[PDB]
Amino acid sequence: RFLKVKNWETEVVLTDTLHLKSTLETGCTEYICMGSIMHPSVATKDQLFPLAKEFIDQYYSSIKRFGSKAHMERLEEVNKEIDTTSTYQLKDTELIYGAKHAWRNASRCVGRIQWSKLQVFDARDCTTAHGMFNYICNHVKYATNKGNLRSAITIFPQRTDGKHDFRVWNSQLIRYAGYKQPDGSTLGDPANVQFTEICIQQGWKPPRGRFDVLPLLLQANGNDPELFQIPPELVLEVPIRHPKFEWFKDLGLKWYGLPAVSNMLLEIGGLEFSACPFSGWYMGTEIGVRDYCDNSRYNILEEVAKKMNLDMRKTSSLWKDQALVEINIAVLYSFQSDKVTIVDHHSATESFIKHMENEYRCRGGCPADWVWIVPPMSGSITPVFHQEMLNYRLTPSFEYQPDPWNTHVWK
Amino acid sequence: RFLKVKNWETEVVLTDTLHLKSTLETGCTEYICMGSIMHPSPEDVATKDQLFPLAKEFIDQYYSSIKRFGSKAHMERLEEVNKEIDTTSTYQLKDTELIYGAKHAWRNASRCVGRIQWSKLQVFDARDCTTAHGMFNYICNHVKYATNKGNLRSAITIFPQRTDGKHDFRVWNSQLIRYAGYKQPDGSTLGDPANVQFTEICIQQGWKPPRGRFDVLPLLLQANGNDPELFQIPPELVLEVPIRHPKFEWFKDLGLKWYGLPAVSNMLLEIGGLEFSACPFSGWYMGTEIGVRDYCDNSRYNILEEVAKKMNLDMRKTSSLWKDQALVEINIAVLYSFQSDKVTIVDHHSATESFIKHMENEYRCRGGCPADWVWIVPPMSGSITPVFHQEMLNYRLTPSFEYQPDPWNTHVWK
Ligand code: HEM
Ligand code: HEM
Ligand SMILES: C[C@H](O)[C@H](O)[C@H]1CNc2nc(N)[nH]c(=O)c2N1
Ligand SMILES: C[C@H](O)[C@H](O)[C@H]1CNc2nc(N)[nH]c(=O)c2N1
Ligand SMILES: Cc1cc(N)nc(CCCN(C)C)c1
Ligand SMILES: Cc1cc(N)nc(CCCN(C)C)c1
Ligand SMILES: [Zn+2]
């Protein structure tokens with residue numbers, strides 16, 4: 001079959017053939033859609049062959065060598081390893097290709113126009129937390145690049161029995177701590193209070209401040225995780241100020257310039273890389289709307305609207321909306337002023353529509369999660385809002401996994 | 001057999017069992033989701049094996065709503081509907097069943113953020129209508145009733161059901177009250193670009209265009225598959241709010257105004273296998289409907305540019321968020337205007353809050369509530385409204401409102 005999707009702002013129509021190559025569940029059934037559910041629901045020898053063959057098949061097809069001598073030998077070599085070792089090892093080329101295509105296949109990611117420019121750091125030779133610490137430090141120094149950020153991933157040893165997992169317990173490489181006070185209130189980032197407790201428990205001496213960079217809590221080979229403090233010179237940070245409101249700096253906000261997911265799982269050929277931190281650069285609304293203005297986060301909306309002499313009696317005065325825009329002007333202006341790479345939601349979506357059209361043209365489609373692609377503010381005035389999108393799961397993929405503190409058995 | 005949905009702002013989990021009674025497909029599969037497609041999934045004059053089981057379902061459903069979970073009346077009604085399909089080739093709905101069906105189509109409207117009011121719906125049985133003149137009469141009564149001098153009331157008028165496909169009753173307007181869109185000689189568009197085609201059909205039918213920016217379109221009404229007829233709504237029946245801004249005194253000098261009564265008049269109301277092609281239903285606006293979409297959409301009124309000019313915004317680049325900032329002010333102006341004129345309007349904060357309460361209510365008493373997150377989340381400030389963080393299950397329950405073809409694609413002109 002073919003499938004059509006339509007832009008209702010422009011009437012452009014694209015024809016998705018690539019969905020015929022989708023695999024694991026969307027979660028949706030023939031009669032129920034779950035597109036708004038965030039989390040819907042080790043491989044044995046038999047289970048691993050078809051996966052390995054499919055990915056090797058797709059890699060050799062991507063390099064115009066399908067059915068070739070080097071293709072058929074690779075397959076046989078992988079088949080050998082899974083009999084010998086119940087698993088197999090990716091070549092370097094397959095690891096780079098796998099990582100890039102897992103980003104390419106990230107339905108929820110609006111930045112995928114950059115997918116082919118990923119720096120892949122092979123860390124599969126790593127054995128200890130300290131070594132992970134060295135890889136991530138280098139990852140951050142590279143990615144940050146004095147403000148001119150560069151996409152990168154670092155991939156650590158794949159799963160084995162599941163009893164020897166590598167994990168970055170941090171959900172992002174750079175995050176700020178949260179501290180719950182005895183009086184209910186929260187100092188710092190409420191999102192990270194639980195993780196802040198875990199670190200404190202593991203010996204972290206916290207500065208109990210408002211923007212404390214958290215420590216890396218790194219697990220290697222299934223051992224208890226260990227604490228490392230990122231060197232402060234490596235953590236690029238941007239004080240937030242406003243181009244019109246001089247009082248804005250008096251909020252004393254800042255944010256880190258380098259966004260980096262670390263809690264996720266990278267599947268390639270049926271091999272699971274449970275520690276694969278990846279970084280890019282920020283869309284302004286991630287900080288400006290969600291990090292600062294979510295009620296379960298830094299929640300400076302009332303603060304910012306208070307200083308904007310806004311009527312906060314009636315919601316219909318739209319103070320929340322007014323204050324949300326200004327905060328997002330400031331976020332953008334601040335990164336741009338300090339020449340730290342950032343992208344506004346308009347430019348990012350405009351670029352995602354181009355990328356999506358190009359991906360239908362050369363690839364047969366582009367899986368896309370409209371619920372995640374549409375920015376969290378000003379939705380309808382961005383072009384993705386009027387763009388129909390099909391959601392399927394292509395592999396290689398990034399996958400969610402359980403939090404390590406829910407699984408790990410301490411020793 | 002039992003699915004849960006979770007709110008991420010408040011950690012509240014609801015357990016959905018109502019989806020087990022979902023009837024037809026959503027367009028999705030285990031393999032590919034279409035939750036962002038607008039339309040996923042005349043001889044359809046059923047046989048008896050095709051129409052009776054649908055009818056039997058709705059009557060079974062109605063009689064179980066009313067505690068007569070099987071009874072004398074329910075059994076007679078089945079046999080009455082049975083013989084009716086045998087002879088009249090279809091069947092007619094009792095007045096109660098019709099009111100139940102209309103209220104429940106709205107209840108099951110997965111895209112409708114306003115459904116907490118679903119049971120306070122005025123139903124106007126117009127199944128005795130035979131002509132477009134009569135349709136015009138019934139609609140003028142709807143508009144006046146529902147407008148209620150600014151204290152808007154929900155209502156639906158239900159014209160006779162489809163029979164053979166070639167005797168359809170249709171309202172050709174998409175909403176009862178829409179502004180005209182005119183194709184300018186150079187290439188621009190005056191008025192509302194969404195309606196350029198409908199405006200030309202009306203002009204091609206002899207409507208004399210005043211050619212302003214907010215000309216109210218005439219009703220194009222179709223009865224019994226016959227050609228459609230133009231009627232001008234009486235202007236004293238079309239309430240309009242001039243748009244001014246509580247702070248920007250230069251705002252009213254934009255020459256902007258909108259209508260007060262939103263009325264969808266192009267959907268199909270399906271009950272027990274019966275299809276009501278003409279069923280205009282009205283409520284009141286969420287401000288974002290007018291001021292985000294009607295006013296700011298690129299292929300609509302596109303006034304962001306002009307508002308931003310007067311606000312003195314850095315329009316050099318997007319990262320200034322000059323669009324966003326003007327978007328806020330406009331919606332402020334729209335709410336401020338409807339409320340200053342005591343015309344019913346609901347902001348997007350209040351509306352989404354209410355629908356969270358509605359959802360909880362439906363999971364209490366019914367075991368679920370089908371919702372379309374893509375449509376429920378307002379088109380501005382989405383994440384700062386409670387629904388953005390509210391997981392939703394979507395499924396199709398009957399009775400329901402369905403889309404249908406624009407009648408001019410499919411109409412044999414007498
Ligand atoms: C290069 C610039 C990038 C931009 C502008 C960007 C933008 C975004 C945004 C705004 C989200 C939504 C996340 C949220 O709302 O919390 C997202 C999600 C995501 N992105 Fe990107 N991203 C970029 C790079 C990357 C890279 C380099 C990768 C992997 C190699 C990646 C993979 C993902 C994944 C897996 C998600 C899903 C997040 C989740 O489900 O938790 N992205 N991206
Ligand atoms: C009473 C106040 C109401 C409010 C505030 C409200 C709100 C909304 C909104 C914001 C939408 C999305 C519209 C858009 O952006 O295009 C919608 C859609 C819808 N509503 Fe409501 N609504 C109300 C009344 C009603 C009534 C009375 C009915 C039925 C009698 C109804 C049935 C529907 C349906 C079927 C849709 C889907 C429209 C479509 O699919 O194109 N609503 N509603
Ligand atoms: C492609 C996408 O489904 C389409 O633009 C939808 C998105 N969400 C919407 N939500 C509402 N309320 N109204 C709409 O018209 C739309 N359009
Ligand atoms: C319930 C809903 O799925 C949840 O709030 C989602 C919606 N869309 C999102 N979109 C983005 N970009 N980020 C998010 O966290 C979410 N959260
Ligand atoms: C690589 C990358 C870039 C970016 N801008 N954002 C992300 C996701 C941020 C974390 N959220 C899932 C909480 C990842
Ligand atoms: C009855 C009703 C009430 C309301 N508040 N909004 C609507 C939306 C109408 C336009 N869209 C479907 C194009 C309908
Ligand atoms: Zn779906």
Side-chain angles (χ1 to χ4, degrees), chain A residues 8 25-37 40 369-371 379-380 385 389-392, chain B residues 25-41 101-124 142 146 152-158 174-178 194-195 260-270 279-290 292-294 297 300 344-348 350-352 354-355 358 372-379 387 392-395 399-404:
Chain A
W8 294 85
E25 309 171 11
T26 54
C28 298
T29 84
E30 220 93 25
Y31 294 157
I32 305 114
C33 173
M34 289 181 211
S36 71
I37 312 258
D369 195 327
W370 190 103
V371 176
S380 86
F385 181 88
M389 313 166 174
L390 294 176
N391 207 22
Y392 39 97
Chain B
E25 290 169 1
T26 58
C28 295
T29 71
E30 300 72 8
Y31 279 89
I32 158 153
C33 160
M34 293 185 190
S36 67
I37 306 294
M38 190 145 346
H39 311 303
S41 204
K103 285 172 167 196
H104 275 246
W106 183 9
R107 199 184 192 181
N108 308 327
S110 292
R111 306 193 161 176
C112 183
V113 72
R115 290 176 279 165
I116 191 160
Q117 336 258 351
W118 77 268
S119 72
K120 188 211 167 72
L121 173 75
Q122 207 43 237
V123 178
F124 285 126
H142 182 146
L152 301 208
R153 291 177 293 191
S154 49
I156 189 179
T157 286
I158 297 174
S174 35
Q175 304 174 49
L176 301 173
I177 300 170
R178 284 306 282 290
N195 292 127
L261 177 65
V264 174
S265 53
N266 63 2
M267 296 197 63
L268 190 147
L269 154 64
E270 194 255 329
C279 53
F281 52 93
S282 66
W284 54 80
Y285 271 125
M286 198 169 64
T288 65
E289 304 192 59
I290 295 168
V292 181
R293 309 296 321 272
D294 298 321
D297 270 21
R300 295 291 302 281
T344 296
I345 186 146
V346 58
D347 67 88
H348 51 286
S350 182
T352 57
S354 321
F355 178 83
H358 176 66
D372 192 318
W373 190 103
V374 173
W375 277 71
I376 300 296
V377 166
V387 285
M392 291 160 192
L393 286 184
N394 198 6
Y395 45 98
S400 53
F401 300 108
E402 299 302 337
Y403 304 105
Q404 53 182 343

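Lettering follows sequence order; numbering is per chain, from 1. We count ligands from 1, going down the list as the structure has it; atoms in each ligand are counted the same way.
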Quiz question: by atom type and distance under 3.5 Å, do the side chains of B/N108 and B/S400 form a donor-acceptor pair?
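No, no side-chain donor-acceptor contact under 3.5 Å.
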For residues B/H142 and B/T157, is any side-chain donor paired with an opposing acceptor at under 3.5 Å?
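Yes, side-chain donor-acceptor contact under 3.5 Å.
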Test your reading of the model: is there a side-chain donor-acceptor pair from B/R115 to the backbone of B/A109, 3.5 Å cut-off?
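Side chain of B/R115 to backbone of B/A109: a pair is present.
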Looking only at atom types and distance, does a side-chain atom of B/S36 sit under 3.5 Å from a main-chain N or O of A/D369, one as donor and one as acceptor?
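Flag not set: sc B/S36 to bb A/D369 has no pair under 3.5 Å.
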For a quick test of reading the model, state the closest non-hydrogen atom pair linking [X] to [Y] and the distance between them.
| X | Y | answer |
| --- | --- | --- |
| B/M34 | B/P40 | SD-CB, 4.1 Å |
| B/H348 | B/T352 | O-OG1, 2.9 Å |
| B/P378 | B/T288 | CB-OG1, 4.5 Å |

Heavy-atom contacts with ligand 6 below 4.0 Å: which residues, ordered by chain and residue number?
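Within 4.0 Å of ligand 6, the protein residues are B/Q175, B/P262, B/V264, B/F281, B/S282, B/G283, B/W284, B/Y285, B/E289.
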With the side chain counted from C-beta on, respond yes when B/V374 and A/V371 share a heavy-atom pair under 4.5 Å apart, and no when they do not.
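A side-chain contact exists here, since the closest heavy-atom pair is under 4.5 Å.
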B/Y285 vs B/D294 side-chain heavy atoms within contact, under 4.5 Å
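Yes, close enough: below the 4.5 Å cut-off.
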List of N/O pairs, ligand 2 versus protein, all under 3.5 Å?
unit_1   : atom_1 : unit_2 : atom_2 : d
ligand 2 : 40 (O) : B/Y403 : OH     : 2.2
ligand 2 : 41 (O) : B/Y403 : OH     : 3.3
ligand 2 : 42 (N) : B/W106 : NE1    : 3.4

Side chain to side chain donor-acceptor pair (under 3.5 Å) with B/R178: which residues, sequence neighbours excluded?
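Per chain and number, B/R178 pairs via side chain to side chain donor-acceptor pair (under 3.5 Å) with B/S174, B/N195.
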Take B/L261 and B/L176 through the side-chain contact (heavy atoms from CB on, under 4.5 Å) test and state the conclusion after the steps.
CA-CA 9 Å; B/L261 177 65; B/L176 301 173; 5.6 Å; no
Under 6.0 Å between the ring centres of B/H358 and B/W106?
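B/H358 vs B/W106: aromatic centres not under 6.0 Å.
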Quick one: how many protein N/O/S atoms are under 2.8 Å away from the Zn ion (ligand 7)?
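Protein N, O or S neighbours of the Zn ion (ligand 7) under 2.8 Å, waters not counted, come to 4.
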Does the plane of the ring in A/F385 sit parallel, tilted or perpendicular to the ring in A/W370? Use 30° and 60° as the thresholds.
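A/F385 and A/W370: tilted rings.
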